[PDB]
Structures are given as C-alpha cells and as structure tokens.
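Visitor: As they sit in the full assembly, here are the leading chains:
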Amino acid sequence: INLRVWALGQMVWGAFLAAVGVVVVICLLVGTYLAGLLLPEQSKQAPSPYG
Amino acid sequence: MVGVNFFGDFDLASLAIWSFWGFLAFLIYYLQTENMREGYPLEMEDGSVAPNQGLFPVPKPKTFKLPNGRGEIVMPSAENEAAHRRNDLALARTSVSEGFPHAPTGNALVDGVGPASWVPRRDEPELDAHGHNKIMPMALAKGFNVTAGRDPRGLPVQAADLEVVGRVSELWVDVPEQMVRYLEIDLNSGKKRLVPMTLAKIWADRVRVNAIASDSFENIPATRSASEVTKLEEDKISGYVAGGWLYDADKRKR
Amino acid sequence: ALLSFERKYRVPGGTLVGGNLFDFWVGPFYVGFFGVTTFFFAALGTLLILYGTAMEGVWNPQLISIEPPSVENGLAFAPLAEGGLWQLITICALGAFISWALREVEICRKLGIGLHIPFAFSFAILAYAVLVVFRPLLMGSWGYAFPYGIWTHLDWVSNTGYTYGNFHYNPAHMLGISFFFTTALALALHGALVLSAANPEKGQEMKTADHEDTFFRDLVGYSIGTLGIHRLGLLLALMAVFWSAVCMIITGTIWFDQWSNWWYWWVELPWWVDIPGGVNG
Amino acid sequence: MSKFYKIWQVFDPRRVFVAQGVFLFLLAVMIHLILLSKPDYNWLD
C-alpha cells in the first residue's frame, strides 16, 4: 500500500534522474555531430595523425 | 661531447636527467617538510596524538620576528598550536569508529563549529607598517571616499529569507590596500553588526546577503570597539556569516 | 589522521546526492557518492590501460600506448583490441574527472568556501573533451583523438600540428602561449614576493603587504594587490585553456590549410599589396 | 540469510532506493547500447 508506492516512487525518481542525464549527454553528442554536418567537407577529409 | 659515453649509453644528458631526478626528490622532501609548520602533530578524534605522524618528519622550528613590538612567532611550536586551539567544542561523535562526521549539539552558527568555525587568533588588530590599524571605518580614514562604483551606504539589506533586516551605515576599509573589507549594518533592532563585503552583493536598490537569514543577523558577534576590529572578531564574524550557506538553507528562498 | 584543527570542521552536510549515505572519510580523503564513482572509474581505467598494454605485450611505462580506433572506423564503437579500450578509458576518464569536480563541490559546501576550484577544473575537463569528444565528432571519427601514452600523444601533437604547417601561426595558439608564459611569470613573482616579505634578510622584522606593494611599485610602477594577483593568475590560466580549446576546435573544422597563410590577408590588403620592398613585396 | 533485513539498519533505505533505480537504469541502458552496437542483436536496424 503506502510503503510500496513510496519505495517505487523513490526508485522511479532515481531512474528519472538517470534518464535525464542520459538524455543530456546524448543531446550534447548528437547536436555536436549535427553541427559538424554543417561544416565544409574538408572537415571530414583530414589526414590521420596515426594515433 | 656528442656520442661521448662515460659508460654504456650514459652521456652528459643521462647524467643530467638522473641528477635532476635526485634534486627533485630532495626538493619534494624540502617542500613537503616546509608544509608542516602548521597542523602537526597529528591527532585523533579524541584529541590524542596519533600513532602515525607521517612519512616526512616535521621540520626544525624557525622564528618570525614581528613588527610593532608584537614579538616572535616560532613555527612549529606548541605555543602556536595551543594559542590557535579551540576548547570545549559543541560536537558529538556520530560513531565510535574513526572517519565519521561530528554533529553539532546546538546552533552551529553561535557555537562556532563546522563552516561557522573560527580560530582563536590574537585579540589585537592587524596593523600596517607604520603601526596604525589596517581596517578603519571610512569616517576615520582621512581622505577616503567612494571613487567609483555604487555606494551601499543607506541601502536596505535583504536576507536569505527575502526579508529586510536593516540599512547599511558605514564602510570599513583597508587603508594600505584601498579596498572595502566589511560594511556595517544598522539593524532594525537597534544594533550595529559587521558583514564581510565578499558575502554581500550590491544591487541598485538593495544589498543582498544570501548566506544568513533574518533570524541570524541579530546573534552576529559584536565588536568591543566601534572604531577597530580585531583579527579574532573578524574571524568570528566571517565564520558566522559563511556558516549560513549550510545552516540557513532550509530558510533560504528563491 | 586529523590535523590539530580538523575536528571542528568534520560535520555532516554539503552533499548533492546521498545524505547520511557516503558521508565519511577514509583517512584524509572525503568519499561521497562522487568519490565512490571517481574511484570506480579511475581504477577501471587504470586496469584497462594495464590490460591493453599486456595484450600488446609492453610493460615499459614509457612505451605503453592505448591508441584510438582508425579514421575509417568513424564514430562507431570498435573492437576492444582495435580502439574499444581507448573508448572505454575515455568514458571512464570523463566520468572520473566530472566526479572529482563534483566531489570538490561537496567538500567546498561542507567547508563553507566558494566553488572557484571546481569551476577552474572544469576548464581543463572541457579542453580534454574538446580533444577527445567534440573535435573528433565534428571531424567525423575518433581516430583524430590523442592516444593514452606518455610519448605517443606527443607524436599526435606533432603530426596534428604539422598537418597545418607550423602551428605557431594559429592566433588562438599565440594567445594561449602568451597567457601560459605570463601565468608562469606571475606565479614566480608572487611566490618570490610573499617569501621575500615573510623570510626577509637576516636580522630584520617580518614585512607586510605595504612592503610588497612598495617593492613592485619601485620596480615597475604598479602593484595589482594581494587579491588582484590571485584573480589575475586564475583568469590567466583560464584564458590560456580557453584559447587552447579555441585553437583546436577551429583547427580541422573551420581551417584546413597551413596557418601561416591566414595572416596574408593583412598583406593582401588592397592598398599595400603591390608596393615593392620588404618581405612580401 | 533470514537476517538480511539488517542492511536497512546500516544504510538509509530512501537513498538506497534512489541509487538503486539510478544504477539499474544505467546498467540496462549500457546493455541495450552494447546490443545495438551489434547488427545481429540490433533490433531496429
């Protein structure tokens, strides 16, 4: 009853925080990739530094 | 001296880099030892000297000759550790085992524990080279005025509770360094209390002090004198105000 | 374990995540949620590096190198023997750095001091990120990130630079170098002055801040002050790191030619272009 | 084995529940990503 919903709320709040962090990291990375898609094509033709 | 090896592949460059490793070892030793003129010998949570005192030995005492007749300070010294020692602290052990926090028993702001802690400095003002007091009220600083920026004098003081506790009255200024250190507040209760400038943000219409709420502004430590402030009083005041970032957070709004 | 004055400061509070939980000390170290997390990430990354150099067969710590994936692999996760280990180590390093900074936050708000230190660390974290996350993403591959080796990431530096001729001609590079040089100069001078005041000539009383201000005024005619020098050095280091991150984020994303040819817009300015004489005429 | 309930006399259960939700979510996400990183186990493709 009350204790079950309390503990489930605690666990789901933890999961929601984790999901927010994941969403943030993914938004950052993906948006960087997209902004990279706006750059000139020589941005993708650079020679490797072998390392 | 190119390709001139004393033995094996060992030339002047290898000699130099190994010599530097040695010098650097000695230097780390010297620096870590010179970093031991305060805080030692190590203690337990019971206050006793610990079985482990470190891997670098505490160094030999040096002497600081103080100006203005203030005397001689020896570091390290049992006298310096005893003078700067707090006694009768209001803390209770959270656990019998070591490495666990100590909880305050009363009002940690008033009892001076935790981030509200203060060190027993000498009850004497900080002096300049000429022997005058370093911090003065600007009325007693001859020639001092507000050359730039906003004058806080006369502005109301907003607290963490978003309530107003009084109005700024005077500015306490470091004369040799020409900067504001504390601003004095006329409390609506009829009392004068100092507050560090570093913990006060001047807005156009108000001075915001988010560290402490309206309840705490009254119990701030007072100065025995109205023209001078001692190192001890400074430390008590600044500790009290800073402690509010933790012990006045439940009251803090916005 | 405790300094003579450490007891009164060991109180509860100052936690962002967890309360009573993880609020204790291991010797001197404060370990909270983020202390636990950064210990985990650091140990895992160290062990991953050790296993990688074991696989390679190399135990000389000066030849250990965990290289990223290839440029052809792109942004995909690679075989752990071909760059997946570098990727995991980079994830762990980011997590450990961020957890270190947030642990510093907790410690600061337990002690009642300002959060300047984790703010300053965040700049170095962000530069490391510019190098291993963001610039690779805009370039389209993790193979442009530097390897985890003592002397191989220097090869990466050299080759990345010489891909653009002399990297000295990048202007943000210049600014970063100037700020680094000035930071070292200012640190030397600050230490020298404080020690000259506190440890004066034999037979003389201890000095004050007046003597310091006076020394530097008599020397160069200006003294920035006790608080000013600290603000200044902090900001100097931060601006150095900022301009380094700028020099790198624009290097293969907005610039692709030798950096020396950038300056030839001031030479090709139409009013002094064809005048004869000098180097460019 | 029958006295495991004393772990709540050691650790506060609120913080433990929140941290466990976080842990389990991140672990599940990591495993889903590992599987998505493989064509045979990727289910979107």
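Guide: Yes, it's here. Residues are numbered from 1 along each chain as shown, chains lettered A, B, ... in the order given.

Visitor: C-alpha only now, for contacts and for neighbours.
Guide: OK.

Visitor: And the strands in the stretch 151-254 of chain B, which stretches?
Guide: Secondary structure of the stretch 151-254 of chain B (DSSP state E, counting those that start in this stretch): strands located at B:156-159, B:164-174, B:179-187, B:192-196, B:201-202, B:207-209.

Visitor: Let me have these in TSV, extended by mean neighbour count and distance to residue C:208.
Guide: Output for the strands of the stretch 151-254 of chain B, formatted as TSV (neighbours: other CA atoms under 10 Å in any protein chain shown; distance: least, CA to CA, whole Å):
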stretch	mean neighbour count	distance to residue C:208
strand B:156-159	23	34
strand B:164-174	21	13
strand B:179-187	20	16
strand B:192-196	21	22
strand B:201-202	16	29
strand B:207-209	22	31
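
Visitor: Can you say which of those strands is nearest to residue B:43?
Guide: Nearest to residue B:43, of all the strands of the stretch 151-254 of chain B, is strand B:192-196, at 32.2 Å by CA to CA.

Visitor: tell me what the closest one is packed against?
Guide: Applying 3 or more CA pairs under 8 Å, 6 or more residues apart in numbering or on different chains; DSSP states H and E, one finds that strand B:192-196 contacts strand B:179-187, helix B:231-247.

Visitor: one step back: any chance of a markdown table for the strands of the stretch 151-254 of chain B, columns distance to residue C:27?
Guide: Listed next are the strands of the stretch 151-254 of chain B as a markdown table, based on distance: least, CA to CA, whole Å:
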| stretch | distance to residue C:27 |
| --- | --- |
| strand B:156-159 | 38 |
| strand B:164-174 | 40 |
| strand B:179-187 | 37 |
| strand B:192-196 | 34 |
| strand B:201-202 | 38 |
| strand B:207-209 | 36 |
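
Visitor: closest to residue C:159 out of the ones you listed?
Guide: Nearest to residue C:159, of all those, is strand B:201-202, at 49.4 Å by CA to CA.

Visitor: onto the same structure, chain E please:
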Amino acid sequence: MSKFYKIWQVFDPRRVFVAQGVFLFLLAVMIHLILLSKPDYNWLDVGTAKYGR
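Guide: Okay, here's chain E dropped in alongside the others:
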C-alpha cells in the same frame, strides 16, 4: 579462524560494505571486458557464429 568476527571490532561495516561492493562490481566488469576482448569467449560473436547469423 574461529575469531575472524573481530574484523568488525576493527573496521566499520558501512565503509567495508561500500568498498566491497565497489570492488566486486569493478572486478566483474573487468573480467567481462577481458572476455569480450577475445574473439573467443565473446559469447555474442560466438553465438552469432554458432547459429549462422
């Protein structure tokens, strides 16, 4: 051997359980990764092979 319970008169249960949990999770992750790093013992690739996928 009969008196190992005295390790709790020495160490606090809380720090010990924290450390032990972190250590065990770290070690398990490390071994699972050591396995995944081998074309053999990688149960994913090995299963992909065994079943013709």
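
Visitor: give the contact list for residue 36.
Guide: Let's take chain A. Taking CA atoms under 8 Å, 6 or more residues apart in numbering or on different chains, we find residue A:36 in contact with C:137-140, C:253.

Visitor: that answer is for a different chain, and I need it for chain D
Guide: Residue D:36 neighbours (CA under 8 Å, 6+ apart): D:42-43.

Visitor: try 6 Å this time
Guide: Contacts for residue D:36 were tallied using CA atoms under 6 Å, 6 or more residues apart in numbering or on different chains; they are residue D:42.

Visitor: what about the residue in chain D positioned nearest to chain B, neighbour count?
Guide: Here chain D gets closest to chain B at one residue, residue D:10, 12.3 Å apart by CA to the nearest CA. By other CA atoms under 10 Å in any protein chain shown, the residues close to residue D:10 number 12.

Visitor: Same check on residue C:52?
Guide: Residues near residue C:52, counting by other CA under 10 Å, number 23.

Visitor: Assign residue C:47 to one of the three secondary structure states.
Guide: Secondary structure assignment for residue C:47 (DSSP: H, G, I helix; E, B strand; the rest coil): helix.

Visitor: Going by secondary structure, the closest residue to it other than its chain neighbours is in what exactly?
Guide: Setting aside the residues directly before and after it, residue C:47 is nearest to residue E:30 in space (CA to CA, 6 or more residues apart in numbering or on different chains), at 7.7 Å. For residue E:30, the host element (DSSP states H and E) is helix E:13-36.

Visitor: The residue lying closest to residue C:59 once chain neighbours are set aside in helix, strand or coil?
Guide: Excluding its sequence neighbours, the residue lying closest to residue C:59 (CA to CA, 6+ apart) is residue C:53, at 6.5 Å. Classification of residue C:53 by three-state DSSP places it in helix.

Visitor: then chain F, please:
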Amino acid sequence: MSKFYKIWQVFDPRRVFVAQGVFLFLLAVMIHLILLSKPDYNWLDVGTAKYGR
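Guide: Chain F now in position relative to the chains above:
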C-alpha cells in the same frame, strides 16, 4: 620471533590491513596480467588451442 606481536604496539591494525589488502590485490593483478601478456601462460589462448577453437 616469539615477539612479532609487538608490531601492533607500533602500527595500527586498520592502516596495516588496508595497506596489505591494496598491496595484495595490486600484486595479484600485476602477476595475472604478466602471465596474460605471455601467450605461453595466457590460459585463455591455451584453452582456445587445446580444444580447437
């Protein structure tokens, strides 16, 4: 010989226990990895060989 117990009148058991635990774990890890770096003592590649995988 019969008085080595005096080493606990000198060092604290908590610090000694923590130190020896870290030391032993690190030593074991390093020796395991040393053997794993030698393909002759990498037991995984061995089991891959003797079983034809």
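
Visitor: same question on the neighbour count of residue C:52, but with chain F included?
Guide: As a burial measure, residue C:52 scores 25 neighbours (other CA under 10 Å).

Visitor: Quick check: chain neighbours aside, which residue is closest to it?
Guide: Nearest residue to residue C:52 in three dimensions, chain neighbours excluded: residue C:66, at 6.7 Å (CA to CA, 6+ apart).

Visitor: got it, and residue A:13?
Guide: Residue A:13 sits nearest to residue D:18 (CA to CA, 6+ apart), 6.5 Å away.

Visitor: ok, now residue C:69?
Guide: Here the nearest residue to residue C:69 in space, its sequence neighbours aside, is residue C:83; by CA to CA, 6+ apart that works out to 4.1 Å.

Visitor: any idea how far the residue nearest to residue C:52 is from residue C:90?
Guide: 11 Å (CA to CA, to the nearest Å).

Visitor: Mind checking which of these two has more residues around it?
Guide: More neighbours surround residue C:66 than the other of residue C:66 and residue C:90, with 28 against 19 (other CA under 10 Å).

Visitor: how about the more buried one, what does it touch?
Guide: Counted by CA under 6 Å, 6+ apart, residue C:66 has contacts C:86, C:147-148.

Visitor: Let me know the closest of those to residue B:36.
Guide: Within the contacts of residue C:66, proximity to residue B:36 (CA to CA) peaks at residue C:148, which comes in at 35.7 Å.

Visitor: Which secondary structure element is home to residue 15?
Guide: Assuming you mean chain A. Here residue A:15 sits within helix A:2-37, counting by DSSP H and E.

Visitor: To clarify, I was referring to chain B.
Guide: Element membership of residue B:15, judged by DSSP H and E, is helix B:12-34.

Visitor: buried ones in that helix?
Guide: B:33-34 (16 or more other CA atoms under 10 Å in any protein chain shown).

Visitor: any idea which helix or strand carries residue C:100?
Guide: Judged by DSSP H and E, residue C:100 forms part of helix C:85-111.
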